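1. what's the 3D shape of this:
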Amino acid sequence: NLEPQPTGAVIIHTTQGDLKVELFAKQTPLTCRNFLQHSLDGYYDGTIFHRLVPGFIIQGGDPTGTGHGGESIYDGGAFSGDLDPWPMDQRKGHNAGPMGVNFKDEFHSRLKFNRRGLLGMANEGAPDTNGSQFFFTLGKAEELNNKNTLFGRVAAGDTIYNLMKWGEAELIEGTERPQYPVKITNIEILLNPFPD
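-> Numbering: from 1, shown residues only. And now the structure:
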């Protein structure tokens, strides 16, 4: 079996090598928009991969580097007009209204965390609590199926070797924080599948 064709792509440039990433934007449009818009805006520039669970996941995307920060682009009803990407009437619960925060999960039957090199959206451990943080798998992680949106994968080529080396980093004792974290320098958009 094969995943559906990804429709977007970026290169994440870091202090510890490049990672070329394909995005399942057809299947996960809100999640891919959030990631790409933040990328374009420079929101992830200088952010680190602050959390490493060896053999499982490595996580970043937090401008505070704590694991507890970051915001989605949708917060406060941004992009909630009738002709916008996520109209207000589609938002439920705490995602809704002028004080709304976070955005919905986007699960898909052909997107499963079955191997390393898959890009997922981190959340708060409850439904529809996606902000700005994202992670890559470092091994099979099917326990994340129907818990985290899966929105991309490492692209063909040799950059997967960088991800796997990041997964072997030394940790600060008593933490999941690498002693020498990977830092994003910039994100280069190769193919943006969303309309102007």
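
2. only C-alpha atoms from now on, for both contacts and neighbour counts.
-> Noted.

3. tell me where the longest helix sits in this protein.
-> The longest helix of the chain (DSSP state H) is helix 29-41.

4. so who does residue 26 touch?
-> Residue 26 sits next to 6, 7 when contact means Cα atoms under 8 Å, 6 or more residues apart in numbering.

5. tell me how far it lies from residue 183.
-> Using Cα to Cα, to the nearest Å, residue 26 is found at 29 Å from residue 183.

6. how far does the longest helix of the chain sit from the chain's center?
-> 9 Å (Cα atoms, centre = their mean, to the nearest Å).

7. list of residues touching that helix?
-> With Cα under 8 Å, 6+ apart as the test, helix 29-41 has contacts from 23-25, 44-45, 72-74, 85-86, 103, 106, 121, 132, 149, 151, 186-187, 189, 192, 194.

8. ok, now stretch 49-62?
-> Identification of contacts with stretch 49-62 by Cα under 8 Å, 6+ apart yields 44, 47-48, 65-70, 122, 132-141, 167-168, 171, 176-178, 181-183.

9. just the buried subset of these, please.
-> 44, 47-48, 65, 67, 70, 122, 132-141, 167, 171, 177-178, 181-183 (16 or more other Cα atoms under 10 Å).

10. so which of those belong to helices?
-> Among these, no member falls in helices (DSSP H).

11. who is the residue nearest the centre of the chain paired with across the strands?
-> Closest residue to the average C-alpha location of the chain: residue 134 at 3.0 Å, with Cα atoms, centre = their mean. Under DSSP bridges, the beta-bridge partners of residue 134 are residue 60, residue 121.

12. would you confirm that it contacts residue 124?
-> No - the criterion here is Cα atoms under 8 Å, and residue 134 misses it with residue 124 at 11.6 Å.

13. buried residues, the longest helix of the chain. List them.
-> For helix 29-41, burial by neighbour count (16+ other Cα under 10 Å) applies to 29, 30, 31, 32, 33, 34, 35, 36, 38, 39.

14. now the two most distant members of those.
-> Farthest-apart pair in the buried residues of helix 29-41 is 29 and 39; separation 15.0 Å (Cα to Cα).

15. helix/strand/coil for the closest residue to residue 189 other than its chain neighbours?
-> Nearest non-adjacent residue to residue 189, counting by Cα to Cα, 6 or more residues apart in numbering: residue 10, 4.4 Å away. Here residue 10 is recorded as strand under DSSP: H, G, I helix; E, B strand; the rest coil.
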